[PDB]
Amino acid sequence: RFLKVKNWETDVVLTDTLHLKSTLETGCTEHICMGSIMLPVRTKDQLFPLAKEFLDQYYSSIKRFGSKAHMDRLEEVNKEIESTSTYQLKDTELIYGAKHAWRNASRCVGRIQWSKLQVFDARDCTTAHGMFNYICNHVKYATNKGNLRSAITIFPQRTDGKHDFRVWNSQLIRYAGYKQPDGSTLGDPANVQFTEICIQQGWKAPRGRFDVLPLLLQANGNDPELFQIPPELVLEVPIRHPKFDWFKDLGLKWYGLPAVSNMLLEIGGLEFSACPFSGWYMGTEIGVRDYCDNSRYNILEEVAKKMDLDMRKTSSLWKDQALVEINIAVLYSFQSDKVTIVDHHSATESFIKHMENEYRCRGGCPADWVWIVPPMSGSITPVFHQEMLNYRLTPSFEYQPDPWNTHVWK
Amino acid sequence: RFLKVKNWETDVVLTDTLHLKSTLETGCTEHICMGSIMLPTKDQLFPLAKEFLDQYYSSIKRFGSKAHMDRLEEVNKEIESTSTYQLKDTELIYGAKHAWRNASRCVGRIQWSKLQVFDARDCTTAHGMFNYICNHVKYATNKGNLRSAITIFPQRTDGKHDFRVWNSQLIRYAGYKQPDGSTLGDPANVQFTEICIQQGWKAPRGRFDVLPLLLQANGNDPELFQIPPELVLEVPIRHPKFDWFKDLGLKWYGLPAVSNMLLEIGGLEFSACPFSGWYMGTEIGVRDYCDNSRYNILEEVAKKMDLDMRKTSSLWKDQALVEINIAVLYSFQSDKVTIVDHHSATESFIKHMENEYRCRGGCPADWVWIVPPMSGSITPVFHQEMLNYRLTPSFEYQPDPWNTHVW
Ligand code: HEM
Ligand code: HEM
Ligand SMILES: C[C@H](O)[C@H](O)[C@H]1CNc2nc(N)[nH]c(=O)c2N1
Ligand SMILES: C[C@H](O)[C@H](O)[C@H]1CNc2nc(N)[nH]c(=O)c2N1
Ligand SMILES: N=C(NO)NCCC[C@H](N)C(=O)O
Ligand SMILES: N=C(NO)NCCC[C@H](N)C(=O)O
Ligand SMILES: [Zn+2]
Numbered sequence: 299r300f301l302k303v304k305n306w307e308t309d310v311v312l313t314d315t316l317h318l319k320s321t322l323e324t325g326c327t328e329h330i331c332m333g334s335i336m337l338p348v349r350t351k352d353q354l355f356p357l358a359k360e361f362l363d364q365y366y367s368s369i370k371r372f373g374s375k376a377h378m379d380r381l382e383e384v385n386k387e388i389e390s391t392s393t394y395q396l397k398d399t400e401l402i403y404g405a406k407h408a409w410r411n412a413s414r415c416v417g418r419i420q421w422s423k424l425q426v427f428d429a430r431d432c433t434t435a436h437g438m439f440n441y442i443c444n445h446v447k448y449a450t451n452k453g454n455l456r457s458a459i460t461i462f463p464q465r466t467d468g469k470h471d472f473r474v475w476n477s478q479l480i481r482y483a484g485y486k487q488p489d490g491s492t493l494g495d496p497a498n499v500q501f502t503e504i505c506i507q508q509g510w511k512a513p514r515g516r517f518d519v520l521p522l523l524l525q526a527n528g529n530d531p532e533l534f535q536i537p538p539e540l541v542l543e544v545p546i547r548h549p550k551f552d553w554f555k556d557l558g559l560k561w562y563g564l565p566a567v568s569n570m571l572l573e574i575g576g577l578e579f580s581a582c583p584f585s586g587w588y589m590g591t592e593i594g595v596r597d598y599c600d601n602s603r604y605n606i607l608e609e610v611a612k613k614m615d616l617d618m619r620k621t622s623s624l625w626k627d628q629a630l631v632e633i634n635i636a637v638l639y640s641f642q643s644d645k646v647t648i649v650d651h652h653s654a655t656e657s658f659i660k661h662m663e664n665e666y667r668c669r670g671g672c673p674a675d676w677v678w679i680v681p682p683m684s685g686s687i688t689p690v691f692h693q694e695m696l697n698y699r700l701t702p703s704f705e706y707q708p709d710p711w712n713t714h715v716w717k
Numbered sequence: 299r300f301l302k303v304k305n306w307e308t309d310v311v312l313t314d315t316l317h318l319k320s321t322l323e324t325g326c327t328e329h330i331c332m333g334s335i336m337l338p350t351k352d353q354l355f356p357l358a359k360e361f362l363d364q365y366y367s368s369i370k371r372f373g374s375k376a377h378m379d380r381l382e383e384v385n386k387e388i389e390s391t392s393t394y395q396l397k398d399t400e401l402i403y404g405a406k407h408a409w410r411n412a413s414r415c416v417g418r419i420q421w422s423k424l425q426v427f428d429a430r431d432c433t434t435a436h437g438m439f440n441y442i443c444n445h446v447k448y449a450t451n452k453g454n455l456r457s458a459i460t461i462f463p464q465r466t467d468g469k470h471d472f473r474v475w476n477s478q479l480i481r482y483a484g485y486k487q488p489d490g491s492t493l494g495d496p497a498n499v500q501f502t503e504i505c506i507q508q509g510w511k512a513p514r515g516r517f518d519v520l521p522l523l524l525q526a527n528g529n530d531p532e533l534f535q536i537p538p539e540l541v542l543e544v545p546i547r548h549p550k551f552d553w554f555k556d557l558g559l560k561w562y563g564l565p566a567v568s569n570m571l572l573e574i575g576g577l578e579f580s581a582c583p584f585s586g587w588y589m590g591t592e593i594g595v596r597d598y599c600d601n602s603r604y605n606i607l608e609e610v611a612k613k614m615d616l617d618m619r620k621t622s623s624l625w626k627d628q629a630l631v632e633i634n635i636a637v638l639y640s641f642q643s644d645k646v647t648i649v650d651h652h653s654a655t656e657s658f659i660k661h662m663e664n665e666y667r668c669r670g671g672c673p674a675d676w677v678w679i680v681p682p683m684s685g686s687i688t689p690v691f692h693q694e695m696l697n698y699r700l701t702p703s704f705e706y707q708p709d710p711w712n713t714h715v716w
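Protein chains in written order, with the entry's author numbering: chain B, 299 to 338, 348 to 717; chain A, 299 to 338, 350 to 716.
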């Protein structure tokens with residue numbers, strides 16, 4: 299079956315066949331679309356088929372499908388599974404796997420970069436301190452003094468579900484949040500609960516507005532341990548405006564390395580519960596969401612005041628005006644400090660090219676419109692006008708419950 | 299099953315059961331989501358009619374009454390005898406209001422119950438249609454204090470006597486392909502603008518020429534008519550700070566009136582049912598003015614603002630967009646024409662959503678269409694999970710007439 303996708307701005311029409319290889323569910327039925335819903348131990352039985360599918364994809368990618376090497380590997384894996392219930396990926400299959408999980412991530416607008424990924428193999432790791440060392444190396448490599456390089460660190464896969472490796476932080480680098488008795492919040496509201504766990508675990512919080520959280524690492528299913536990231540490895544950017552000299556006095560700054568660390572990476576049926584990955588920021592992530600979401604730093608008013616905008620009536624679009632300037636400030640500050648960043652216009656334009664390329668060479672590109680379209684100036688970016696098809700391909704990155712909700716303390 | 303919807307900004311959670319009454323398909327499947335795709350017999354009729362009458366009588370607290378039963382049998386006998394039936398005025402009004410209530414792509418449904426319904430089922434000719442339309446335009450415009458309304462022409466019979474308004478909106482601007490290769494006016498209507506020519510209209514070849522109505526009655530060929538200019542309210546667009554803005558020579562009409570959709574009530578199909586409410590600022594300022602395939606004006610305004618358009622990262626497009634939208638809203642409010650900004654509109658929709666969830670068990674909503682084309686996340690609906698599904702009565706899309714008409 300063929301599925302047509304049309305861009306109402308260019309009239310360009312694409313044909314998708316890739317969706318035929320989609321196995322996982324979407325949450326939608328023939329009667330209801332849950333497209334805007336944020337989030338709607349395996350047995351030997353369902354393992355080999357998943358392994359076989361993957362290896363077939365892998366060997367086909369290297370143009371060795373059906374080869375003796377291909378058949379031996381399948382037999383090798385089958386034996387290993389039956390013999391140990393699981394199996395180990397070869398270094399090459401791991402790299403191929405990680406890259407495709409990224410390639411298949413429908414909510415990522417930066418996928419034009421999918422093939423350029425530095426994969427750090429941390430499968431020999433056994434302790435929390437070991438995890439800390441691998442993570443410090445990832446941050447330094449990826450940061451590269453501001454010339455960011457995409458990378459992912461992969462810790463030991465899940466076995467029986469009782470020896471999981473986990474990075475309790477949602478991002479390797481993020482600011483602490485503290486609830487005050489008066490009901491207000493100091494820092495980032497998004498990280499309040501995790502911050503409380505850190506404090507409870509022994510972290511001495513400096514209680515500021517931008518305190519870099521400590522890493523809480525869980526190795527081999529044991530209780531998590533606290534580690535502070537060497538400050539010299541944490542690249543930050545003070546935020547100032549190119550025309551508003553008072554902007555700098557707002558006291559805003561942000562970290563340069565976005566590193567999601569709470570997702571699960573699935574490759575050939577294997578589950579890697581600790582797989583922190585990083586690329587570089589698209590401006591709006593910080594300027595629109597982290598700074599202006601009512602439930603985050605929420606700086607729209609304070610910025611609007613300084614600009615002395617008519618905040619009496621929404622129809623003045625004061626919020627909209629303050630929003631643009633703040634985003635101008637983020638992009639300007641990063642570029643001035645020579646820290647990699649991309650604006651939403653460039654990022655979306657590149658994605659369209661990537662997407663068209665993918666339909667031609669791969670037969671499709673699963674994409675989540677709700678997530679791909681930027682949180683500001685939506686329709687003046689090409690993706691808004693692009694019809695998309697969302698489906699799940701493996702390997703892939705998945706959500707997983709926060710560890711503090713499932714962990715059995717020792 | 300009982301689905302839940304969460305707002306990630308307020309944590310509020312709502313349970314939806316109304317979806318369990320959905321009957322039509324969404325276009326999606328367990329394997330693929332097409333949420334962003336713009337457009338994914351007597352035996353057939355009675356069940357549809359029955360479903361409708363049951364909800365009608367249920368709404369009037371007479372479910373399972375003799376009146377209910379009587380009407381059910383009357384329509385039943387009517388369908389069996391005439392292969393169709395006629396809705397009572399009360400059922401027609403309830404149907405139209407609910408089709409609006411069920412329009413998952415409309416952000417202004419908090420106004421759903423306040424709709425003026427013009428019964429034009431006695432219309433027989435194009436002239437009659439022009440008269441009814443003129444009256445609708447005048448009633449809804451109301452000197453600037455816009456009032457929502459819909460005019461319902463005769464329902465389909467054998468598909469060969471369909472009533473159709475060929476325009477896509479009662480009031481729109483023409484578009485012409487110039488020698489330059491460029492487009493004069495609104496590119497979105499270039500094709501229709503030509504069918505009017507190809508039919509007789511004397512286009513003024515201007516940038517903002519109000520198109521002529523092309524009305525089709527009883528399947529006959531469509532006819533042209535000029536809407537009395539005195540009835541077409543327009544707003545000159547100026548900025549409340551950039552005196553140079555007026556020189557751009559921009560203006561827009563005050564009455565948004567979709568006229569190419571199909572109203573379905575109790576199985577019956579009303580192929581000519583123009584409806585109007587009032588504009589949300591962004592529709593004109595963001596989409597009609599800045600869409601690359603529309604008036605695409607960002608640059609001109611950008612140049613006149615003298616900002617660095619060398620690098621996309623200066624966000625000149627974003628700055629310019631905001632101003633163009635401040636101007637539209639300013640111009641309308643200044644001339645006293647009803648208009649709502651995206652902030653106020655989305656706030657009201659969230660309130661409506663909450664009312665709907667506690668009173669009807671849900672509210673079908675299309676997130677892709679509900680979230681404004683600008684400042685998405687600073688409006689509440691961005692953070693609101695929504696469930697999209699189809700409920701009848703409903704407003705549906707339908708093929709353009711010139712692709713089906715047999716002259
Ligand atoms: C090179 C620069 C990259 C850019 C500019 C980019 C941009 C983005 C943005 C803007 C989002 C949405 C973030 C949000 O709303 O929270 C996103 C999500 C995502 N990206 Fe990328 N990305 C990049 C690199 C990567 C890399 C290296 C990977 C994986 C190896 C990746 C995996 C994903 C995934 C899985 C998501 C969804 C996360 C979630 O559900 O919260 N991205 N990306
Ligand atoms: C009172 C003011 C109203 C406001 C502020 C409002 C606003 C909107 C907006 C912003 C859209 C999206 C327009 C687009 O992107 O093309 C829309 C679509 C729609 N509205 Fe409303 N609306 C109002 C009244 C009405 C009325 C009176 C009806 C029906 C009787 C209605 C039925 C619909 C339908 C069916 C659509 C989708 C049309 C399509 O698919 O192109 N609206 N409305
Ligand atoms: C409810 C809705 O799904 C939610 O607010 C989504 C919308 N689009 C998004 N898009 C991106 N990139 N990131 C997000 O966190 C969200 N949040
Ligand atoms: C391809 C995509 O569905 C398309 O551009 C949609 C997106 N959201 C929209 N939302 C509204 N209100 N109106 C539109 O015309 C669109 N166009
Ligand atoms: N660009 C990326 N990945 O490289 N973003 C990841 C999520 C970051 C998150 N949106 C933030 O603002 O912190
Ligand atoms: N607000 C309404 N209806 O009341 N919009 C209907 C479609 C109008 C279309 N979006 C335009 O900008 O012309
Ligand atoms: Zn869907």
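Beta carbons are placed, not taken as given, at the ideal position from N, Cα and C, and that holds for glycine.
Next on the checklist: Assess contact between the region 326 to 338 of chain A and the region 550 to 566 of chain A, defined as three or more Cβ pairs (one per stretch) separated by less than 8 Å. Is contact present?
Outcome noted: The region 326 to 338 of chain A makes no contact with the region 550 to 566 of chain A, as fewer than three CB pairs between them are under 8 Å.
Item to check | Integer Cβ distance of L630 (chain A) from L607 (chain A), believed to fall under 8 Å | outcome: The count along the second sequence starts at 1 and reaches residue 630 (chain A) at position 321. The count along the second sequence starts at 1 and reaches residue 607 (chain A) at position 298. With 8 Å as the limit, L630 (chain A) and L607 (chain A) qualify as a contact, their Cβ atoms being about 7 Å apart.
Item to check | Neighbouring residues (CB closer than 7 Å to any heavy atom of ligand 6) | outcome: Any residue whose Cβ sits closer than 7 Å to a heavy atom of ligand 6 makes the list: A:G417, A:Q478, A:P565, A:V567, A:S585, A:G586, A:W587, A:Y588, A:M589, A:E592, A:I593, A:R596, A:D597.
Checklist entry - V348 (chain B) lies in the beta strand (DSSP E); which residues open and close that run? => result The residue labelled residue 348 (chain B) in the question sits at position 41 within the first sequence. The continuous stretches of beta strand (DSSP E) do not include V348 (chain B), and DSSP gives it neither H nor E.
Item to check | Those residues which DSSP pairs with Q693 (chain A) across a bridge | outcome: Numbered from its first residue, the second sequence carries residue 693 (chain A) at position 384. According to DSSP, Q693 (chain A) bridges with A:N305.
Item to check | Rounded C-alpha distance that separates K386 (chain A) from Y448 (chain A) | outcome: For the purposes of this step, residue 386 (chain A) is identified with residue 77 of the second sequence, where counting begins at 1. For the purposes of this step, residue 448 (chain A) is identified with residue 139 of the second sequence, where counting begins at 1. Taken atom to atom, the span from the alpha-carbon of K386 (chain A) to that of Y448 (chain A) is near 38 Å.
Item to check | Close beta carbons around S643 (chain A), own chain, < 6 Å, minus the five adjacent residues each side | outcome: On the second sequence, position 334 is the one that residue 643 (chain A) refers to. Non-local C-beta neighbours of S643 (chain A) in its own chain, meaning closer than 6 Å and more than five positions away in sequence, are absent.
Next on the checklist: Quick check: is the beta carbon of residue 751 (chain B) nearer than 7 Å to any beta carbon in chain A?
Outcome noted: The question about residue 751 (chain B) has no answer, for chain B in this structure spans 299 to 717.
Next on the checklist: In this structure, how does DSSP classify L357 (chain A) when only helix, strand and coil are distinguished?
Outcome noted: For the purposes of this step, residue 357 (chain A) is taken as residue 48 along the second sequence, with counting starting at 1. Correct three-state label for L357 (chain A): helix.
Next on the checklist: Run through chain A and tell me which residues come within less than 7 Å of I593 (chain B), C-beta to C-beta.
Outcome noted: Residue mapping note: residue 593 (chain B) aligns to position 286 of the first sequence, counting from 1. The contacting residues do not exist; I593 (chain B) stays about 12 Å from chain A at best.
Next on the checklist: Given a cut-off of 7 Å on the beta-carbon distance, is the pair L624 (chain B) and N476 (chain A) in contact?
Outcome noted: As a working note, residue 624 (chain B) is residue 317 in the first sequence. As a working note, residue 476 (chain A) is residue 167 in the second sequence. The Cβ atoms of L624 (chain B) and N476 (chain A) lie no closer than 7 Å to each other.
Checklist entry - Using CA coordinates, which residue listed in B:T393, B:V544, B:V567 is at the minimum distance from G468 (chain B)? => result Counting from one through the first sequence, the residue named residue 468 (chain B) turns up at place 161. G468 (chain B) has its Cα closest to that of B:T393, out of B:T393, B:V544, B:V567.
Checklist entry - I think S703 (chain A) touches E573 (chain A), with their Cβ atoms under 8 Å apart; what is that distance to the nearest whole Å? => result Within the second sequence, the letter at position 394 stands for residue 703 (chain A). Within the second sequence, the letter at position 264 stands for residue 573 (chain A). Sure, about 5 Å apart at Cβ, within 8 Å.
Next on the checklist: Quick check on DSSP: helix, strand or coil for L571 (chain B)?
Outcome noted: As a first step, residue 571 (chain B) must be located in the first sequence, where it is residue number 264. Strand, per DSSP.
Checklist entry - Using the C-alpha atoms, what's the distance from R380 (chain A) back to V646 (chain A)? => result Against the second sequence, residue 646 (chain A) aligns to sequence position 337. Against the second sequence, residue 380 (chain A) aligns to sequence position 71. Taking the straight line joining both Cα atoms gives about 43 Å.
Next on the checklist: Is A412 (chain B) close to ligand 1? I mean its beta-carbon at under 6 Å from any heavy atom of the ligand.
Outcome noted: Within the first sequence, numbered from 1, the residue matching residue 412 (chain B) stands at position 105. Yes - ligand 1 has a heavy atom lying nearer than 6 Å to the Cβ of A412 (chain B).
Checklist entry - When you compare each of A:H436, A:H651, A:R619 to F691 (chain A) by their alpha carbons, which one comes out closest? => result Locating residue 691 (chain A) in the second sequence gives position 382, counting from the first residue. Nearest option by C-alpha distance: A:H651.
Item to check | Span of the alpha helix (DSSP H) around residue 347 (chain A) | outcome: Here residue 347 (chain A) is not present, the numbering of chain A passing from 338 to 350 in one jump.
Checklist entry - Leaving out the 5 sequence neighbours to the left and right, which residues in its chain are closer than 6 Å to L542 (chain B) when beta-carbon positions are compared? => result By 1-based counting over the first sequence, the position of residue 542 (chain B) is 235. Once the five neighbours on either side are set aside, the close Cβ partners of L542 (chain B) are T450, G563.
Next on the checklist: Since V416 (chain A) and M695 (chain A) should fall inside the 8 Å C-beta cutoff, what is the C-beta to C-beta distance between them, to a whole number of angstroms?
Outcome noted: The sequence position of residue 416 (chain A) within the second sequence is 107, counting from 1. The sequence position of residue 695 (chain A) within the second sequence is 386, counting from 1. Actually they do not touch by this definition, with Cβ atoms about 11 Å apart.
Checklist entry - Hey, would you say the C-beta of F704 (chain A) is under 6 Å away from at least one heavy atom of ligand 2? => result As a first step, residue 704 (chain A) is located in the second sequence; it is residue number 395 there, counting from the start. Because some heavy atom of ligand 2 lies under 6 Å away, the Cβ of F704 (chain A) counts as near it: yes.
Next on the checklist: Distance check for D552 (chain A) and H329 (chain A), CA to CA, integer angstroms please.
Outcome noted: Translated into positions along the second sequence, residue 329 (chain A) becomes position 31. Translated into positions along the second sequence, residue 552 (chain A) becomes position 243. C-alpha separation (whole angstroms): 54 Å.
Next on the checklist: Can you pull out the residues from the region 646 to 669 of chain A whose beta carbon lies closer than 7 Å to at least one beta carbon of chain B?
Outcome noted: Within the region 646 to 669 of chain A, those residues whose Cβ lies closer than 7 Å to any Cβ of chain B are, in chain order, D650, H652, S653.
Checklist entry - I think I461 (chain A) touches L401 (chain A), with their Cβ atoms under 8 Å apart; what is that distance to the nearest whole Å? => result Position 152 of the second sequence, counted from the first residue, corresponds to residue 461 (chain A). Position 92 of the second sequence, counted from the first residue, corresponds to residue 401 (chain A). The pair is a contact, with the Cβ atoms about 7 Å apart (cut-off 8 Å).
Next on the checklist: I'd like to know whether the C-beta atoms of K351 (chain A) and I388 (chain A) end up nearer to each other than 7 Å.
Outcome noted: The residue you call residue 351 (chain A) lines up with position 42 of the second sequence. The residue you call residue 388 (chain A) lines up with position 79 of the second sequence. Yes, the pair counts as a contact, with Cβ atoms nearer than the cut-off.
Checklist entry - Pick from B:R414, B:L354, B:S368, B:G453: whose alpha carbon is nearest that of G333 (chain B)? => result Here the question's residue 333 (chain B) lines up with position 35 in the first sequence. Comparing C-alpha distances from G333 (chain B) to each of B:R414, B:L354, B:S368, B:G453 shows the shortest one belongs to B:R414.
Checklist entry - According to DSSP, is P710 (chain A) helix, strand or coil? => result What you label residue 710 (chain A) is simply residue 401 of the second sequence in a count that begins at 1. If DSSP states are grouped into helix, strand and coil, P710 (chain A) belongs with the helices.
Checklist entry - the region 299 to 331 of chain B: which residues have C-beta closer than 7 Å to a C-beta of chain A, in chain order? => result Answer in chain order: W306, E307, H317, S320, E323, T324, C326, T327, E328, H329, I330, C331.
Checklist entry - Beta-carbon of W676 (chain A) versus every beta-carbon of chain B: anything under 7 Å? => result Locating residue 676 (chain A) in the second sequence gives position 367, counting from the first residue. Interface residue, yes.
Checklist entry - Within the 7 Å Cβ cut-off, does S422 (chain B) reach chain A? => result Looking up residue 422 (chain B) in the first sequence gives position 115. No, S422 (chain B) does not count as interfacial toward chain A.
Checklist entry - Since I506 (chain B) and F584 (chain B) are thought to touch, with beta carbons under 8 Å apart, how far apart are those beta carbons, to the nearest angstrom? => result As a working note, residue 506 (chain B) is residue 199 in the first sequence. As a working note, residue 584 (chain B) is residue 277 in the first sequence. About 27 Å separates the two Cβ atoms, so there is no contact after all.
Next on the checklist: Quick test of the definition: if touching needs 3 or more C-beta pairs under 8 Å, does the region 432 to 439 of chain B touch the region 519 to 532 of chain B?
Outcome noted: Enough Cβ pairs lie closer than 8 Å, so yes.
Item to check | Beta-carbon contacts of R465 (chain B) that lie in its chain and below 7 Å, excluding the five residues immediately before and after | outcome: For this step, residue 465 (chain B) is matched to residue 158 along the first sequence. If we look at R465 (chain B) and ignore the five residues flanking it on each side, its Cβ neighbours are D471, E578, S580.
Checklist entry - Under the rule that 16 or more other beta-carbon atoms within 10 Å means buried, what is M683 (chain B), buried or exposed? => result Position 376 of the first sequence, counting from 1, holds the residue named residue 683 (chain B). That one is buried.
Checklist entry - If we call anything under 7 Å between Cβ atoms a contact, is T327 (chain A) one with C331 (chain B)? => result Locating residue 327 (chain A) in the second sequence gives position 29, where the first residue counts as 1. Locating residue 331 (chain B) in the first sequence gives position 33, where the first residue counts as 1. No. Outside cutoff.
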